[PDB]
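Protein chains in written order, with the entry's author numbering: chain G, 29 to 291; chain I, 107 to 212; chain F, 32 to 457; chain C, 46 to 132; chain Q, 89 to 168; chain q, 98 to 99, 123 to 144; chain R, 31 to 113; chain s, 76 to 89; chain E, 38 to 247. The beta carbon of each residue, even a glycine, is placed where N, CA and C say it ideally should be. Working notes for the structure below.
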Amino acid sequence: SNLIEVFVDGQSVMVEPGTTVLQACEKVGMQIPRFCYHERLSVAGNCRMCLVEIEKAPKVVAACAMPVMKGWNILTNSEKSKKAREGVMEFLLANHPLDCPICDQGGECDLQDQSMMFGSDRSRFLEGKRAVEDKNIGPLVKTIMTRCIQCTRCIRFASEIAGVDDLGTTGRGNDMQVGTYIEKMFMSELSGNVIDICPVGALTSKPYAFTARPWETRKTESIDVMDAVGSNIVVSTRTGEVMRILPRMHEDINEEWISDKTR
Amino acid sequence: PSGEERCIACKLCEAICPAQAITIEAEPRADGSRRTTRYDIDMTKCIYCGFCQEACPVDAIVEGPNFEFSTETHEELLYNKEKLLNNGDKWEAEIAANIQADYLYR
Amino acid sequence: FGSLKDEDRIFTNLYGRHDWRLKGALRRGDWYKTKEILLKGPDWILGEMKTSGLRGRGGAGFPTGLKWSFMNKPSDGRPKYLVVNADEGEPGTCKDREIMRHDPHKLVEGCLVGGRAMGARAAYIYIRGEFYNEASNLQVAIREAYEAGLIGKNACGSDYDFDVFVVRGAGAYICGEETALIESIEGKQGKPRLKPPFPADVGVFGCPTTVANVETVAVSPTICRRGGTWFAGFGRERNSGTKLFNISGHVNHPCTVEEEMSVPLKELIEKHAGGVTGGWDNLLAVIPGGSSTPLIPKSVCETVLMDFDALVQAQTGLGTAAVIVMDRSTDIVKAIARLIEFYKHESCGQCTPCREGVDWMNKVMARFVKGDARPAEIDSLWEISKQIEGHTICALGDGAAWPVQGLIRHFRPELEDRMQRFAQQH
Amino acid sequence: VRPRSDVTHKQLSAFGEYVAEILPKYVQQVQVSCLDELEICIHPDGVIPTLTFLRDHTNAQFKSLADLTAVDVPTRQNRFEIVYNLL
Amino acid sequence: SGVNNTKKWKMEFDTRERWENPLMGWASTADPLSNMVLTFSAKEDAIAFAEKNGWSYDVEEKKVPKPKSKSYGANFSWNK
Amino acid sequence: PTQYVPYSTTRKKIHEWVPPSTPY
Amino acid sequence: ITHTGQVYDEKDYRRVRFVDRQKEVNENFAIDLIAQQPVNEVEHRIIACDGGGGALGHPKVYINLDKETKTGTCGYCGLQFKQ
Amino acid sequence: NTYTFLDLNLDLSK
Amino acid sequence: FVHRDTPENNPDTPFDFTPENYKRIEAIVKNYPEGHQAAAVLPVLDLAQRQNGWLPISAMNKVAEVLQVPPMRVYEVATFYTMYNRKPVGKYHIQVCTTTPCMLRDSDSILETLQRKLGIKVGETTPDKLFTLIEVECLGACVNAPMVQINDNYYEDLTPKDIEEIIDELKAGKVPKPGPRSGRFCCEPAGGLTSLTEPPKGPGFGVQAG
Ligand SMILES: Cc1cc2nc3c(=O)[nH]c(=O)nc-3n(C[C@H](O)[C@H](O)[C@H](O)COP(=O)(O)O)c2cc1C
Ligand code: SF4
Ligand code: SF4
Ligand code: SF4
Ligand code: SF4
Ligand code: FES
Ligand code: FES
Ligand SMILES: [Zn+2]
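See the structure below:
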């Protein structure tokens, strides 16, 4: 009961009614390339980098969004769903400022990888790029937001996980900038999580600005002692001094988030 | 040319060095810019592959023409940022000419 | 074959000439069988539109009856609603500005006739804020109607209850979109939603809702009065009924005439409206449904006629049926270029493919008008165009791609020459 | 894209069955890689027998041993994977 | 957000001294088994490696994200 | 056309709490 | 002392290496060299910064000199641009 | 009038 | 899209709905469904614009206050729509339609004339603060293409000197006959009324049976 049968490139998994197309691929084990979709954040559909092709259907569907229906076989590695990613990645990269050797989310980029695995070998954007104006969101998060792919996960977290409801989108067109309209710092606990949740390195951590680069960091899994929730955390150490502490997921205690104090 | 050192500590010169020779640790300079506090090429460890020349985005680290740097003591061969920057200033004129000649090829 | 009779013509008050107010409306006899119709049943009203086979009078074409049928499902304890979008941001849609301004009442009874068909508790009319004066006209008309008791609880001396409201638009073409009209009504930013939670299922304020082009709501009372058949006959096959046609640009007498559908394109400029300015051979191209639909060049046009089936055969859309005509005296490369400028100044930016893609085509299109870009770039824009066409959250990205596709499809040699012209002078 | 010659993929596959039939004992999982390369896999006891058949069979003379190596998959119960490449 | 590095089990030896080097300030380590992390496909096989090699082991159960119900329609609910 | 000494350039990394010079 | 300031205190051992020898330090300390660089005035809202010489410069970035309040500084050259 | 639509609105509201 | 507090445009500018305005504000609230203050912000923001064209940061904060919504929520609405002005607006605020339909029928023509008459660039207020010119997009009413909406004047079908005539009317006196200043009524074939030149059928005409 309550087990629709849906096909993932044929594996024919059975899933609860109401699971998204992206979720159906996960249980088979396939990963839809995704931006703007975080498990504990509301589905928004902003990036549409997850377009897949349900069989016998005219258009490709939004994985994170379409509730999978009965007997729709998902074709995640079709000739179409790759042109639906080879052509989106064309766009995200087109307005992107190539300062990857500045972006300290160098190896921690969910946008170079997906470009480097699912995107395109070369660029055709012979036109000019855009630039936004760096502002102050506080003393912990450095928002070099010319990096932003307008994926609205910050505006969600800042409203849904934390109740700040401050960060918001401002304007329309290609100069929609997701920054506080008036310059009011994002002061709240749970603040630093925005860093971890922005896949782009637009806003990153200001103390850990340029002290390291992720491939080097040796990662040891340990426990938060600053507060009594005992949140799980990963201490990233390079050559013997701790460089950053970032959350590691514990369903029951800290589910992917850690306090501003303990990082 | 202005006088600001080219390296911006992306540290992939460290990543691609085959011998583990280059050691880089960085911190934001007061200017707010990104610079390397310590850049140490261990020349005895280095096998002069020339990939670092290849990898650098700003092309700050280059394989300079001089081959005559034999040293009496092992410590002299280990090179910190000041020796390399000084090496860079001394040979910049020829390095610029050499890069000028070969950049179209690369 | 068009040439609809005046008596058959729906909005007799078109062009004014009759009091748009109630007493003019009574001489029009717009409120003649309203009590009877509602009495017949909601099921009777939808039978009338199903028999009519009316297609959406807005840019998208879908059976009107089936769309209304969807939220005719039993209420789940949330009040069902009616949303009438009087916004018409698309260029050449002065189509709606008429009914709203000239014949506000027709739409008022369209609202309650339509309301009982969907069992809507109330209807909100989103007239574009640009039209402030237009708003002044409708609520004067809405105020008259309630004073009469035509609308309100126990509307038209019947069990059924309806309340009609007017909402201020704020200069956004996208507000027009079905999921985005709602969000503007909801008071959040005008950004469309995804279709998986369909509009009927999740409504405004989470209450089932339905959205209709004002023309679609307006004709429903008269179609019930005249019966689906009368209306059904004028149309062609799936296509059916008279839809207002607006002809603007390079025509001797630009005007909106509600002449019959399935009109030869050559005929409507030649017979009504004004023959193409400069002669029917001075026609570089025709935009049949407005900016969103691809333009069709002259040789294809007279052959084809204005009905949605015929146009989709032609690769173009009937859309809002706004005919924009371009004489041989126009730089199309620049004409379509401003429509892409029309879309960069307007798309919400919620979705990646439209945000960067429409801006990317705008930059390439501006270079194309100058001729700075090389010839190989022209098919590059082809490929950028279809990336935007199938990947966008709403249809506007669908709409931005089509004019670009039309320019490359029929006017590829001209753009190459502009390419050539700049290369020669160096 | 490499210039694959299906002509090979087939002929080597056919030999792989040939060997599999000739030595049903000691030989399992015979497969021709997508690289036009055959890799008969044998039970350790078949080391002597399978090699000898290949060194001295008219329809399969494999005279020289190019290499003997042992990958180590620690996860695998049998840690080492002695691989003998013959020409 | 990629999960391709959370698939195979790994067993890692305990961390040891990393004193600073006086001449150049480079990190220096006296523990040979430090950088060694062996990768094992299943928990059972990794436990076996520790037992036959004689190293002490303390296995940590895999913790995989719990299924989470999501639906675009749900947040559009003004009610909640 | 017409003896170095190597050293760590990075500074201290862990600062020692200095004892209070005020006797108690 | 040097760009970073690496220095050895009197009590500091590890300073003997210089006894009767010399230390490697830099004149032309870069920290001050770009500060010595004039602010590149521009007309456009946004400007590029190839670093000078294209392939022989830095990956080109576009800086938003949109607020006179701040002279955009390409993260690579440290060049301030005065709107 | 700037407020005529709005004044009509509470005329509608009663 | 960033409000850098300025002495003129910043909350020191106190904002409060006139006793009369506040009245209006609620009228809006009950029009919208019960318990949904948020829907009323775009209309309430519009009346703040009706009150004052500038609508500074102070005014938006009041809107959020009256409507009890996250302030940002109001800031996002104001930024998204062009109807709202977050900067001071000229008394007349003329807007010229320059989409292809109007351009094809000469919309651009009008622009050059208006720039000279106002003697100012396109996009800013006259020194007199008298008029503000902006190149707005399709304002509807295309059949009449030459067009310039001045605070809903929606003058349409305007020849160059016409506007000059209108502008003068605005410059000295008021209410310059807003509307299409050409013989045609509303939208009508310039030739006449081919659609319906007969008299309109009366009530219950040919009403189908059933
Ligand atoms: C960008 C965009 C703008 C639109 N604008 C309008 C509009 O101004 N008026 C309108 O009736 N439909 C508009 N539509 C179509 C609506 O999405 C919807 O299909 C239509 O309003 C439904 O009315 P109907 O079903 O009665 O035709 C627009 C669609 C898009 C993608
Ligand atoms: S985000 Fe930082 S790292 Fe990822 S691509 Fe953009 S710049 Fe390079
Ligand atoms: S900031 Fe990071 S998260 Fe917020 S939108 Fe830009 S990218 Fe998405
Ligand atoms: S040297 Fe070139 S590569 Fe190595 S860090 Fe400095 S800049 Fe990056
Ligand atoms: S397409 Fe994407 S961006 Fe353009 S309007 Fe529809 S949603 Fe907003
Ligand atoms: S990941 Fe598919 S919608 Fe953002
Ligand atoms: S484009 Fe000017 S009003 Fe339609
Ligand atoms: Zn630079």
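Is there a C-beta anywhere in chain G that falls below 9 Å from the one on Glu108 (chain Q)? yes
Where does the unbroken alpha helix (DSSP H) through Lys98 (chain F) begin, and where does it stop? 95-101
Let me know the beta strand (DSSP E) ranges lying completely inside the region 68-121 of chain G, each 3 residues or longer, listed in chain order. 79-82
The alpha helix (DSSP H) that contains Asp148 (chain I), what's its start and end? Careful: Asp148 (chain I) lies outside any alpha helix (DSSP H), inside the beta strand (DSSP E) at 140-148.
Quick one: what does DSSP say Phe63 (chain G) is sitting in, helix, strand or coil? coil
Is there a Cβ of chain F sitting closer than 9 Å to that of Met173 (chain G), yes or no? no
If we ignore side chains and look at the alpha-carbon of each, how far apart do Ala90 (chain G) and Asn163 (chain Q) end up? 17 Å
Please return the same chain residues whose Cβ sits closer than 6 Å to the Cβ of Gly200 (chain F), not counting the five positions on each side in sequence. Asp118, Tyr157, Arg159, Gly160, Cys206
In whole angstroms, what separates the C-alpha of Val88 (chain G) from that of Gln178 (chain G)? 22 Å
Rounded to the nearest angstrom, what separates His130 (chain E) and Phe117 (chain E) at their Cα positions? 19 Å
Does any CB atom of chain Q fall closer than 9 Å to the CB of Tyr124 (chain q)? no
The region 425-437 of chain F contacting the region 162-171 of chain G, beta-carbon criterion three pairs below 8 Å: no
For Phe173 (chain I), which three-state DSSP category applies? coil
Own chain, CB closer than 6 Å to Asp81 (chain C), minus 5 neighbours either side, in chain order: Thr53, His54
Could you tell me whether the Cβ of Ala134 (chain Q) comes closer than 9 Å to any Cβ of chain G? no
In the DSSP assignment, what residue or residues form a beta bridge with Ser116 (chain Q)? Q:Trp107
How far does the alpha helix (DSSP H) with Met109 (chain E) in it reach, from first residue to last? 108-117
If you run the structure through DSSP and keep just helix, strand and coil, what is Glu71 (chain E)? coil
Taking CB distances under 9 Å as the criterion, tell me whether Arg47 (chain C) reaches chain Q. no
Beta carbon of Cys125 (chain F): closer than 8 Å to some heavy atom of ligand 7? yes
Using the rule of at least 16 other Cβ atoms within 10 Å of the residue's Cβ for burial, across every protein chain shown, is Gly220 (chain E) buried or exposed? exposed
CA-to-CA distance, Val235 (chain F) to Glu71 (chain E), given in whole angstroms: 13 Å
Hey, could you find the ends of the beta strand (DSSP E) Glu126 (chain C) is sitting in? 125-131
At a Cβ cut of 9 Å, what residues of the region 172-205 of chain I count as close to chain Q, listed as they run along the chain? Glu181, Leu184, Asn186
Just to make sure I have the definition right: I need the residues of chain F whose C-beta is within less than 8 Å of the C-beta of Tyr160 (chain Q). Which are they? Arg224, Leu225, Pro227, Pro228
Thinking C-alpha only, which one of F:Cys238, F:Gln344, F:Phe442 is nearest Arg152 (chain F)? F:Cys238
Alpha-carbon spacing of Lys156 (chain Q) relative to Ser70 (chain G), whole angstroms: 11 Å
Near-chain R residues of the region 123-144 of chain q (beta-carbon distance less than 9 Å), N- to C-terminal order: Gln123, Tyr124, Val125, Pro126, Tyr127, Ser128, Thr129, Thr130, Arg131
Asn30 (chain G) versus G:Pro45, G:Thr245, G:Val36, G:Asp224, residue with shortest Cα-Cα distance: G:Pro45
Which whole-angstrom value is the C-beta distance of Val81 (chain E) and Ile65 (chain E), which I expect to be below 8 Å? 6 Å
8 Å contact criterion, which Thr196 (chain E) and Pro122 (chain F) should meet: CB distance rounded: Contact flag wrong, Cβ pair sits at about 21 Å.
Three-state class that DSSP yields for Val92 (chain C) in the structure shown: helix
Assuming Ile203 (chain E) is part of the alpha helix (DSSP H), what are its boundary residues? 197-208
Confirm the yes/no value for this check: CB of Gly380 (chain F), any heavy atom of ligand 5, distance under 8 Å. yes
The region 233-252 of chain G / the region 262-276 of chain G touching (three or more Cβ pairs under 8 Å): yes
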